[PDB]
Amino acid sequence: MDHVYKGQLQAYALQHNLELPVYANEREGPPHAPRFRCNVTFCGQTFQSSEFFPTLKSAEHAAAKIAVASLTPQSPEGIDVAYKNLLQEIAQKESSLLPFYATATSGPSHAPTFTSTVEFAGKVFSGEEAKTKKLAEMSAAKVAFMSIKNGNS
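Residues numbered from 1 in each chain as written, not as in the entry; some residues may be left out. Heavy atoms only, no water.

### Some words on the overall build of the chain
- The helix and strand inventory of the chain stands at four helices and six strands.
- Ordered by position from N to C terminus, the α and β elements of the chain give α-β-β-β-α-α-β-β-β-α.
- Over its C-alpha atoms the chain spans a radius of gyration of 22 Å, topping by over 25% the 15 Å that the globule rule assigns to 153 residues.
- Oriented by its inertia axes, the alpha-carbon framework of the chain measures out at about 75 × 35 × 30 Å.
- The proportion of buried residues among the 153 residues of the chain is 23%.
- Within the chain, contacts between residues separated by at least 24 positions form 23% of all contacts whose residues are at least 6 apart in sequence.
- For the chain, the accessible surface area stands at approximately 11400 Å², while carbon and sulfur atoms represent 56% of it.
- Averaging the positions of the 14 positive and the 14 negative side-chain charges in the chain gives two centres separated by 3 Å. (Helix = DSSP H or I, 4+ residues; strand = E, 2+ residues; numbered from the N terminus. Rg over C-alpha atoms; globule rule 2.2 N^0.38 Å. Buried < 20%, exposed > 50% of the residue type's maximum accessible area, 1.4 Å probe, protein only. Contact = heavy atoms within 4.5 Å. Areas by Shrake-Rupley, 256 points an atom, 1.4 Å probe, with all protein chains shown as cover. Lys, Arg positive; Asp, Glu negative; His and termini not counted. Charge placed at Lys NZ, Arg CZ, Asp CG, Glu CD.)

Listed below in structure tokens is the structure:
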């Protein structure tokens, strides 16, 4: 909604050690026909859409959205595959140690269930229990990651 996009791009420049990003604001158009053309200058490149936005921030958002989407190609993965990758990202960043996925099987011979646990940073979290590994792990990485955030300090 807000310039949240600027906070993302700016973050990349910080880690990549690149000149701070610069946006261009332009407003022109009749009262009932206002147009906000905003451009984003990055690495000597100005990205812009072919359609004008009815709102200012809408332009800045879309402008950066195009830029940040251009960097993705660098190394895409999408956490929509295996949160396992995410857990590995924090491990390297936190200089900790690759998590430890432990799957234990137990329960009645008629309705057998499984339990998955992840030990990272010396802390072991317990995911939900069910007759499925996917959900088990999902609930495990979910509770673990959420715990890491510990809300907004």
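### Brief notes about the sheet that holds strand β4 (residues 101–106)
- Read across the open sheet, the three strands follow the order β4-β5-β6; overall the sheet is antiparallel. Edge positions in the open sheet fall to β4 and β6 (123–126), since each of these has one partner strand only. Between one strand axis and the next, the sheet turns through 25 degrees on average, direction left out of account.
- In this structure, strand β5 (residues 113–120) lies alongside β6, joined through four bridges in antiparallel fashion. For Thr117, the partnering residue across the bridge sits in β6 and is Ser126.
- Strands in contact with helix α4 (residues 133–149) are β4, β5 and β6; relative to β5, the strand with the most contacts, it is inclined by about 30 degrees. (Pairing = 2+ DSSP bridges. Axes fitted to C-alpha atoms, helices over the stretch in contact; angles between N-to-C directions.)

### Things to note about the domain arrangement of the chain
- Assigned domains of the chain: these are domain 1 (1–77) and domain 2 (78–153).
- For domain 1 and domain 2, the distance between their C-alpha centres works out to 36 Å. (Domains from an automatic or database assignment.)

### Things to note about the packing of helix α3 (residues 84–93) against α4
- Packing of α3 against α4 brings their axes to within 10 Å, and their N-to-C directions diverge by 30 degrees. Between α3 and α4, the crossing angle belongs to the class labelled roughly parallel. Taken as a pair, α3 and α4 cross one another with a handedness that is left-handed. Residues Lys84, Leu86, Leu87 and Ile90 of α3 form the contact with α4, whose own contacting residues are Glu137, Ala141, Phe145 and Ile148.
- Here the contact of α3 with α4 is built from residues that sort into six nonpolar, no polar and two charged. (Parallel < 35°, antiparallel > 145°, perpendicular 65-115°, else oblique. Left-handed = near helix turned anticlockwise from the far one by under 90°. Nonpolar A, V, L, I, M, F, W, Y, C, P; charged D, E, K, R; others polar.)

### Things to note about the environment of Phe100
- Mapped onto the elements, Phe100 comes out in the loop between α3 and β4.
- On the basis of relative accessibility, which here comes to 55%, the residue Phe100 falls in the exposed class.
- Put simply, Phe100 and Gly122 are 22 residues apart on the chain and 10.0 Å apart in space, counted from C-alpha to C-alpha.
- Beyond its immediate chain neighbours, meaning those up to four positions away, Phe100 contacts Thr117, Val118 and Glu119.

### Considering the sheet that holds strand β2 (residues 39–42)
- Strand order in this open sheet of three strands is β1-β2-β3, and the pairing throughout is antiparallel. Each having just a single partner strand, β1 (22–24) and β3 (45–47) make up the two edges of the open sheet. Going across the sheet, the axis of each strand differs from the next one's by a mean of 25 degrees, ignoring polarity.
- Alignment of β1 against β2, held across three bridges, turns out to be antiparallel. In the strand pairing of β2, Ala24 is matched with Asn39.
- Helix-sheet contacts for helix α1 (residues 4–16) involve β1 and β2, and the interaxial angle to β2 is about 10 degrees.
- Against the sheet, helix α2 (residues 56–71) makes contact with β1, β2 and β3, and its axis sits at roughly 40 degrees relative to β2, the strand it touches most.

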